């Protein structure tokens, strides 16, 4: 909440009294509106008496200020005298700076409870306008910091005993004469509730084209709880502010319109602000109301998907939801030959004396030894697909020495492609076509085998491939047909077991296979629009991107979901690379990245921070509850940053929870990163308490100790830059009530060192 006075000549507000303040003078104390350089100001005349203005707060507001912190900003000029007291007192204590001009005319400040003084300005500057700021941070040892024209003057100011209870500005003394002119006074209490529990999972973004416009989101949880519960119906809600996050409009339900009979739960609002169009595009997940991510209950044949809504900042209008599920939710049969081999073979009766054709729509997730083969009783033709050292897609044909580079662009390297083999009986050769393009022709190798086979073929070579369709035809007749794209989306009644569909499974070592992805989810927090991609091959400025959560069947991981056309068409990137180990031919030990957030570094690389759920130890290495990753290709592929985990954030909570990360750019052009997460209580322990703020001045290599922003419950949070000097934070607190904090980042940065 904001309590202020803005000097103006406008009749309706031409005095502090018309702006809610109460006059509190004595004897000859008075005041008058003064005009100088075309800028009005209120002149406090405390000569021969006290001259001040006060604002009373409710018992509840004082309690809120003490619990969540406050900030007082003043723009004034001291003309003469002393005891210029602009401060805040509650029914117990106060932080009191005393401003004055000394006998020589210097502008100085003293603090009740401290000895001595500090000279702020001398010469003509002593009687010119200046901006004063007092910031109070909550905590076990609450203290305030004083700033003069943006510069830290005194830190760790301890509150002093006082029975006064009110916000005050002016000359607070009947005996000491003081005269000062005020252009503006602002007292702000932090922590206003924007969304009430049981609603949860906050995110926020702000407009740079239209300063002051902020849009926040959360999950409206009727019945409470995570999505997937029969006892709840969850939707996405939003509120907008046009004054920098001070006042907010009516809570708006964005998904109710596409949840007409409460058959779904919607979750994880992931907003992205696009400066090119001055719009906010928020993506979110849909789930059948009775099954979701938790416990892997969601299945490929269920209504999980992703939708987005667009907000036009200029006119302040929202647009109806748009479904993009078919673009980002993969449907396929997946074979992970990680630590083993798994092939499927169907014996056939091909006639080598006549033409035949085979088609296989395949995507290579990683590794090698991934193949598709056809043997016709005379010759065997095998295509082995792999990812080379450069990250390109390579094909090797049996009997042909030189490998064939199919794709070099990372996005194309891991996408689905249609591999068609056309055998010519007259020419005794087979031609390979990829996506309709003729690639090469070869003779294969002598063989008496007659079959079609696919999968990962080497227990000693890791590889994962996904298949959507496999067909074999001869003389206008389909000998074999496996439509995994179709089967993945069917209910359990439909037969999907390959071994029951005419195929023989040949497996060695440890492997796993499954149908399509069970679900996709944008995750909690905000997304970003890239702007420093000029030197990133395959990427582009303007790309909209967020780190989504994908569940194949049993395990969670993160992958980028992005759009290079403003949000109309979306694509997916590769999942994060994580270690794995089989404690034997049976127990899988790996990681499960989930709630993630990313930021674009100065050189175009993307830094991602992810929550690590469930198992965190692999082969004796503890990856902690949080791990950072880096992408050098616009978010298509990632690399795990060794030793860059929870340990880089001093005093961070040891419990798994969602965090937030964002870029902050100052007016001078300089920049740095901001990160929010609970510290725990005591700090460094497991608990969703005391939200902290960390800074990185070296592109995420190191972070500077946290500044505590909240004293009490603190769970999920999101932070975003509001303007050149402030950042806005939305955070879950008591009973998950989500509150707003507006932090003076350029001032707080000075409390670090």
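Numbering follows the first chain given and starts at 1.
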> Out of 414 to 422 and 267 to 275, which one has CA B-factors that are higher on average in the deposited record?
Replying inline: 414 to 422
> Comparing 368 to 376 with 542 to 550, which stretch shows the greater average C-alpha B-factor in the deposited entry?
Replying inline: 368 to 376
>> Per the entry's Cα B factor values, which of 190, 448, 563, 453 stands out as the maximum?
In response: 448
> When the CA B-factors of 649, 195, 503, 333 are compared as recorded in the entry, which is the largest?
Replying inline: 503
> If you rank the chain by CA B-factor, which third does residue 707 end up in: lowest, middle or highest?
Replying inline: middle
>> When the deposited Cα B-factors of this chain's modelled residues are ordered and cut into thirds, is residue 153 in the lowest, the middle or the highest one?
In response: highest
> What third of its chain's C-alpha B-factors does residue 222 belong to: lowest, middle or highest?
Replying inline: middle
> Once the chain's modelled residues are ordered by C-alpha B factor and cut into thirds, is residue 130 in the lowest, middle or highest one?
Replying inline: middle
> By the record's CA B-factor, is residue 44 among the lowest, middle or highest third of residues in the chain?
Replying inline: lowest
